[PDB]
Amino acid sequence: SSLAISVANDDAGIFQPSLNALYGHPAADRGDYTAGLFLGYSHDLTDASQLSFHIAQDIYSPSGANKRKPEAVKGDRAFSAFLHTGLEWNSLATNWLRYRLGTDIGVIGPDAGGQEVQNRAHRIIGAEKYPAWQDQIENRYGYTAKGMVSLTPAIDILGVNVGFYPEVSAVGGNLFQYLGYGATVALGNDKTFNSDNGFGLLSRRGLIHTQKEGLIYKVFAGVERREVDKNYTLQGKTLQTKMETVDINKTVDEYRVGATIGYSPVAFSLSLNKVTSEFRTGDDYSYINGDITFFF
């Protein structure tokens, strides 16, 4: 079992030079995904299978000078937030297959609490608040249905497991809908943990599926291409200007490079991430997540 806290930020702090070297500086100049908070619990029903629960809030933002304007700007994403909770099954079907199946309920809109959380954060640090929260994406309550399958060929070399994990993912519902395909490569001291990967709404955000006690470590790099049918954060209508602000791009790539290091019962993770332009007038953006996972 693992209990995890994960924080995502486009401001990568001491990891900014690494993020910039990896994905280039223009991606850091964008601000599309501005904050994430996630708390999750995974329980092993067997050595092969987990059931996970989580609650999370993700906050999305216009970029650059648009952040300070009174309302949403045509051509850039509006302020929005996605507040969600759900359950997921994560299982090794065999030594060569991992699958995941999950359902969220949530909301994108003022009810997701993005203005409240960001305004609070800003007040606490003495930053000014961004007024265009008044023109945020309007409420839509909904569900996500999520699935992933991954092949898991890996070989063990002197206690180091190295693997290649081609995967297909799918999300549906009235908030987000896409079909993704990708692969991750990983090296680490645990076969099960090495195959436990994911992108986008299938990202594990700190949750760990592992057999290992004592030292745990993993280093990984992956990309997933998704074909996007829906993204309500982009296609929804703003509260006051009543517009859809952008034309979504139907093909979106997500890159993730990261690592975990831990010792029973605590592990630390960092993931350096890039998402390619999600709309015609946007551009690629980079961010990190840092996770603390108690695993026992």
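One rule holds for the numbers: they count along the sequence shown, beginning at 1.
- When 94-102 is weighed against 214-222, 94-102 comes out higher, by mean CA B-factor as recorded in the entry.
- Mean CA temperature factor is higher for 14-22 when stretches 14-22 and 272-280 are set side by side in the entry.
- Across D196, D76, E116, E88, the entry's maximum B-factor at the CA atom is seen for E88.
- Comparing C-alpha B-factors across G40, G258, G262, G31 in the deposited entry, the largest value falls on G262.
- For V7, the recorded CA temperature factor ranks within the lowest third of the chain's modelled residues.
- The entry lists a Cα temperature factor for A35 that places it in the lowest third of the chain's modelled residues.
- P153: CA B factor lies in the highest third for its chain, per the PDB record.
- Sort the chain's modelled residues by C-alpha temperature factor and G182 lands in the lowest third, per the entry.
- Sort the chain's modelled residues by C-alpha temperature factor and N289 lands in the lowest third, per the entry.
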